[PDB]
Ligand SMILES: [Cl-]
């Protein structure tokens, strides 16, 4: 079945005075492919996708600051903090032109960096990505009251920080197929200590839903406007019913985004990588061979 191991040798780089962990495999030359995870995952979410790409392209998969094997300083872990560290990680590795493979909050990082640095982005593969959610009616009904509760400093912190609900419950409700105990232990490992769970709570409080927070909504609207005009090659993966990207939204993007190929992965919620890694990996590898990289 789907692989549960994480066989990658650890790599570390100092970034703004903190150590960030990253996977780094594949050939040394060529245009690298930079894989960005979101909440509440790590580079572990790419473990079954990278092996389809690493034969022919360098794959770099960092753990976001405060997550995975990266350092966990006592920050608020706002989106702006993640932007500062990811900007610096990219520079610390000396990356020039990249292809991006992005998911959930990693897609907000990737699209925001791409919009600010369009000359350095040769392609974007994306899935279950951060877009403005116009009203709460556009958040999936089965998860609406819980995400509304997450976005409070009393109940939301009790659930996410004290009780680890984003790992023990929300994560499982973002994958259609059942995760194994081994896989769950990989996802639990960075957050065994409750004091380290701040990013798990701040991330859903940054989601652009019903106009809040206004600053994130504005930032996300900006990169979506860029994406709707930019000629950058685009590869969209979507599933049914999805979470952030329902089928009808995927269809709108497939019809409207320039230079965009859309791939239906079958059943999927948020972590599409956990439901169909073989199709995502093989399609990324095929798409890469068509780029001018
Ligand atoms: Cl989130």
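Summary table below
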quantity: Cα-Cα separations in region 198-273 greater than 18 Å, expressed as whole percent; calculated: 53
quantity: Euclidean distance between Cα centres, region 40-70 to region 116-151, Å; calculated: 20
quantity: Highest to lowest packing among 102-113, 1-12, 42-53, 21-32, scored as the average C-beta count within 10 Å; calculated: 102-113, 42-53, 21-32, 1-12
quantity: For the chain: rounded, prolate or oblate by the Cα gyration tensor [a/c cutoff 1.5]; calculated: rounded
quantity: Distance (nanometres) between label positions extended 7 Å along Cα→Cβ at residue 144 and residue 193; calculated: 4.0
quantity: Gaussian network model of the chain, springs between alpha carbon atoms under 10 Å - residue of 16, 171, 236 with greatest fluctuation; calculated: 16
quantity: Ranked packing of 59-68, 210-219, most packed first, by mean Cβ within 10 Å; calculated: 59-68, 210-219
quantity: Cα-based convex hull volume of region 1-41 per residue, rounded to whole Å³; calculated: 139
quantity: Stretchable slack from residue 249 to residue 16, in nm (0.36 nm times residue separation minus alpha-carbon distance); calculated: 80.1 nm
quantity: Rh (Kirkwood; distinct C-alpha pairs) - region 8-119, Å; calculated: 13.9
quantity: Taking N as its residue count, the alpha carbon Rg of region 60-151 over 2.2 N^0.38 Å; calculated: 1.23
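Heads up, the Cβs are rebuilt from the backbone with ideal geometry, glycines too, and the neighbour counts pull from every protein chain shown. We did not get these values from a lab; they are worked out from the coordinates using the rules stated.
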